[PDB]
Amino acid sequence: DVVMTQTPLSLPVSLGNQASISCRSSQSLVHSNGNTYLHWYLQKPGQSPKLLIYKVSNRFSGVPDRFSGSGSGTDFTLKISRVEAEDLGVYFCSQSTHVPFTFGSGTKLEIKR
């Protein structure tokens, strides 16, 4: 299966800071249709993962422009500008180019003072 890894596991920042998450795949995520099916989810405590960014860079319904996704091939990045309390949670990247679909281990975005 395609292995997805995220750096870091825990990402302490200050409110108002930029945070950036790295997501790497063990295999190219470029599908035969030429598109790249790398997605990001955000999960809050006790809730389900919610789709945040899809196909590298597309914002899902209601997702602010402070979130930007980039990257290609096997190497991807989620950038969260001007971190707010509503952004805190665990971010997962995930690939659906290859079957079975697989998930990164997650990155906890948290505030440290």
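Don't overthink the numbering: it's just position in the shown sequence, from 1.
Stretch comparison (11-19 versus 95-103) by mean CA B-factor in the PDB entry places 11-19 on top. Annotation for 78-86 versus 35-43: the higher mean temperature factor (C-alpha) is found in 78-86. Split the chain's modelled residues into thirds by C-alpha temperature factor. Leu51 is in the lowest one. Among the modelled residues of the chain, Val30 sits in the middle third by CA temperature factor in this PDB entry.
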